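K.L.:
Okay, here's the structure, questions in a sec.
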Amino acid sequence: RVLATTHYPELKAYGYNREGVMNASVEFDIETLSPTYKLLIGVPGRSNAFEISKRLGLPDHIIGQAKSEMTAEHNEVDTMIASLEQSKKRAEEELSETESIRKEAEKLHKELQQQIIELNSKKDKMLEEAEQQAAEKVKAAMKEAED
Amino acid sequence: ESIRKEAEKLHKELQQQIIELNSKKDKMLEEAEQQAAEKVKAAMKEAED
Amino acid sequence: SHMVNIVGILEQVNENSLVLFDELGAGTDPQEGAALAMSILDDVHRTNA
Amino acid sequence: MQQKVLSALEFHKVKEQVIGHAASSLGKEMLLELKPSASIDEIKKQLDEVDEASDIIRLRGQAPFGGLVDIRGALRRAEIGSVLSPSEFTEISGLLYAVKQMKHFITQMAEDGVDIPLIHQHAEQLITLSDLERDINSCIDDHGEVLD
Amino acid sequence: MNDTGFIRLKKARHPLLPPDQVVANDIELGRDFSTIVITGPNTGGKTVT
């Protein structure tokens, strides 16, 4: 049983070429410049050096030149991971909204069930009070007719 | 997104059912009060007759 | 931290400057690190520092 | 297992977070010798025991262990016919007092739904050693009026 | 516990990290694959994992 770690653009691809091997990564949030420490099984780790450098103030002409020293395959891989990761972020955010709506719907359903029980109980009580009052009045009228 | 649309639809339907249940409550209370008042009045009239 | 310091160096360097750089672009993907390092060295080299 | 790997991963610091949660030194004696093993069955028994005890400590009461110390030197010195000090008798008395309070605690815990066999077995293993306890409480006290 | 060398730590937390800072991870090994390689720059707590 092997768990290994790497930062090499060769081993970004290592496990997909192999039977019985998994490639993974641990997620980084560029927007906070902080690791989320979240293990993504099946998703390999993009490099973000230029995006971090830009967020730290490195000039766009230096980043543009450095990106021209890279191979065409490098620039595709980290962009595809960013598109996957953004699609996953969208799924997670839209799910968090969906969980909020589901909790509100479940609460509203419990409130409606409780109101239906209270309504039936109030109705039965008012019918019983009305039947008692009718029976007392008929009994009073029968007594007056007897008199 | 499909589950969200179903949950939002169900939430709107439940909100509408709460409004309809509150309206039916108020009407059923008023109909019960009227039927109680009419039974009282019919029993009074049959006694008067 | 290196990148913040490098940005601060790039704002201030001139032909009358000494600049000392240890392992430019370390702590990231080696290809992006090497590409950053070459572009930073070219930027500084043009100042005749 | 490799002691250098246990050291480099701070596995003794993991054990220290458990040692701070012990009510007596006896659980610390079982924790200080704690190391990984490959036996399977005794591993499974141990993790089932802490799970069952986690259900006790999450749902039921806390097991008292106050006044409970180790009486190994005292029991060995009493066994070879060497007359003990009243401090050794005090340690044995606190041990039997803890035996009594643990018997009472399982006696209170046994009235709920679902009785577990391990804690019930540990309760019925504890025997009435209250004659020795009453003799120690009436014999090692420093006021002579009860000693008479 | 098993002798098949199989691991599935559901929402695993590093035992020496603070409970308010520790991120919980599903870690699974020794079933569909015998080797995991954790790829990417040295930021993510790869060592902590």
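K.L.:
Determine the dipole magnitude for the protein assembly as shown: charges of +1 sit on the beta-carbon of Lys and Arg, -1 on that of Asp and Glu, nothing else is charged, the reference point is the Cα centre, and the result goes in debye to the nearest 20.
P.N.:
Magnitude of the dipole: close to 1080 debye.
K.L.:
Could you tell me which of rounded, prolate or oblate describes the stretch D:53-118, using a ≥ b ≥ c as the square roots of the eigenvalues of the alpha-carbon gyration tensor, with rounded for a/c under 1.5 and, failing that, prolate when a/b is larger than b/c and oblate otherwise? Please report the intermediate quantities before stating the final value.
P.N.:
Details: a/c = 3.34, a/b = 3.00, b/c = 1.11.
Verdict is prolate for the stretch D:53-118.
K.L.:
Right, something else. For the stretch A:1-109, state what percent of all Cα-Cα pairs lands in each successive 10 Å bin, counting from 0 Å until the bin that includes the largest distance.
P.N.:
11, 34, 30, 16, 7, 2, 0
K.L.:
While we're looking at this one, here's another question. Taking each pair of different alpha-carbon atoms in chain B once, compute 1/r for the pair, average those values, and report the inverse of that mean as the Kirkwood hydrodynamic radius in Å to one decimal.
P.N.:
Working: mean 1/r = 0.0721 Å⁻¹.
It is 13.9 Å.
K.L.:
Quick check on my link table: of D:44/E:46; D:45/D:103; A:54/A:89, which ones sit more than 26 Å apart, alpha carbon to alpha carbon?
P.N.:
D:44/E:46
K.L.:
Using all Cα-Cα distances in chain E, what percent lands in each 5 angstrom bin from 0 up to the longest?
P.N.:
Going from the shortest bin to the longest, the percentages are 5, 16, 22, 24, 19, 9, 3.
K.L.:
What share of the DSSP beta bridges in the protein assembly as shown is antiparallel, in percent to the nearest 5?
P.N.:
Around 50 percent antiparallel, to the nearest 5.
K.L.:
How do C:1, D:93, A:34 line up, fewest other C-beta atoms within 10 Å first?
P.N.:
Neighbour counts put them in this order, fewest first: C:1, A:34, D:93.
K.L.:
For peptide A:44-52, compute the average count of partner chain beta-carbon atoms within 10 Å of each residue's beta-carbon. Before the final figure, lay out the partial values.
P.N.:
Numbers: counts 4, 9, 4, 9, 6, 12, 5, 1, 5.
Mean shielding count: 6.
K.L.:
Let me ask something else about it. With N set to the residue count of the stretch A:45-147, report its C-alpha Rg divided by 2.2 N^0.38 Å to two decimal places.
P.N.:
Output field value: 2.87.
K.L.:
Continuing with the same structure: Rounded, prolate or oblate: pick one for chain D, where a ≥ b ≥ c are the square roots of the eigenvalues of its C-alpha gyration tensor, a/c under 1.5 means rounded, and failing that, prolate if a/b is larger than b/c, else oblate.
P.N.:
Taking the square roots of the gyration eigenvalues as a ≥ b ≥ c, chain D is oblate.
K.L.:
List the residues, sorted by chain then number, that are 5 or more residues from residue A:2 or on another chain and whose placed amide H is less than 5 Å from its amide H.
P.N.:
Amide H neighbours of residue A:2: E:35, E:36.
K.L.:
How big is the convex hull of the Cα atoms of the protein assembly as shown, per residue, in Å³?
P.N.:
383
K.L.:
Among B:44, D:102, C:3, rank each residue by its count of other Cβ atoms within 10 Å, from fewest to most, as a rough exposure measure.
P.N.:
B:44, D:102, C:3
K.L.:
Quick one: grab the alpha carbon gyration tensor of the stretch A:36-78, order the square roots of its eigenvalues as a ≥ b ≥ c, and give me rounded if a/c is under 1.5, else prolate or oblate depending on whether a/b is larger than b/c.
P.N.:
The shape class here is oblate.
Computed from the coordinates by the stated procedures, all read-outs in this text should not be read as laboratory data. Cβ sites come from the backbone with ideal geometry, for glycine too, and all protein chains shown count toward neighbours.
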